[PDB]
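Undergrad: Just passing along the structure, written as structure tokens.
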Protein chains: 2
Amino acid sequence: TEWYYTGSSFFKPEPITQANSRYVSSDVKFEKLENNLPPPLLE
Amino acid sequence: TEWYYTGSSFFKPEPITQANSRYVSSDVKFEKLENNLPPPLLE
């Protein structure tokens, strides 16, 4: 599956990037992606 | 010595990471840690 960022007050799916994403501590309820890793997570 | 991150409202030492650290302009009062360099400080 593929994941896209969207705005809060209007609906527009957009690519996930560093600007709209923040690094946070690990958690169980966070989704775990085997592939299609977003640029921030991908290394 | 070694430095650990702890929360404000409850006491539990944690490993330091980029999630809970902010890059700031250097100041004299800060700690000049020659050894045991925190992982976010590594270049």
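Undergrad: Right, residue A:17: surrounded by 10 or more Cβ atoms within 10 Å (Cβ to Cβ), assigned to a loop (DSSP other than H, G, I, E, B) and away from chain B (no Cβ under 14 Å) or not? Please lay out each step first, then the result.
TA: Numbers: surrounded by 10 or more Cβ atoms within 10 Å (Cβ to Cβ): yes; assigned to a loop (DSSP other than H, G, I, E, B): yes; away from chain B (no Cβ under 14 Å): yes.
Against the criterion (surrounded by 10 or more Cβ atoms within 10 Å (Cβ to Cβ), assigned to a loop (DSSP other than H, G, I, E, B) and away from chain B (no Cβ under 14 Å)), residue A:17 qualifies.
Undergrad: Something else now. Report, by residue number, each residue of the range B:20-43 that is exposed (fewer than 10 other Cβ atoms within 10 Å of the Cβ) and within 14 Å of another protein chain (Cβ to nearest Cβ). Please lay out each step first, then the result.
TA: So the first thing to find is which residues in the range B:20-43 are exposed (fewer than 10 other Cβ atoms within 10 Å of the Cβ), and the list is B:22-32, B:34-36, B:42-43.
Passing the criteria: B:22, B:23.
Undergrad: Tally the residues that are assigned to a loop (DSSP other than H, G, I, E, B), more than 9 Å from the chain's Cα centre (by Cα) and either within 14 Å of another protein chain (Cβ to nearest Cβ) or under 23 Å from residue A:23 (Cα atoms) (or both), restricting the search to the range B:1-14. Spell out how you get there, then give the answer.
TA: First, pick out the residues of the range B:1-14 that are assigned to a loop (DSSP other than H, G, I, E, B): B:1-4, B:6-13.
Subsequent filtering for residues that are more than 9 Å from the chain's Cα centre (by Cα) retains B:1-2, B:6-13.
Pick out the ones that are also either within 14 Å of another protein chain (Cβ to nearest Cβ) or under 23 Å from residue A:23 (Cα atoms) (or both) and you get B:6-13.
Residues flagged as assigned to a loop (DSSP other than H, G, I, E, B), more than 9 Å from the chain's Cα centre (by Cα) and either within 14 Å of another protein chain (Cβ to nearest Cβ) or under 23 Å from residue A:23 (Cα atoms) (or both) within the range B:1-14 amount to 8.
Undergrad: Do we have residue A:33 as in contact (Cβ under 8 Å) with a residue 12 or more places away in the chain and of a type outside the set (D, E, K, R) here? Outline the logic, then answer.
TA: Values: in contact (Cβ under 8 Å) with a residue 12 or more places away in the chain: yes; of a type outside the set (D, E, K, R): yes.
For residue A:33, the condition - in contact (Cβ under 8 Å) with a residue 12 or more places away in the chain and of a type outside the set (D, E, K, R) - is met.
Taken together, the values in this text are just the output of simple stated rules run on the coordinates, not laboratory data. Please note: Cβ atoms are built from the backbone with ideal geometry, for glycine as well, and neighbour counts cover all protein chains shown.
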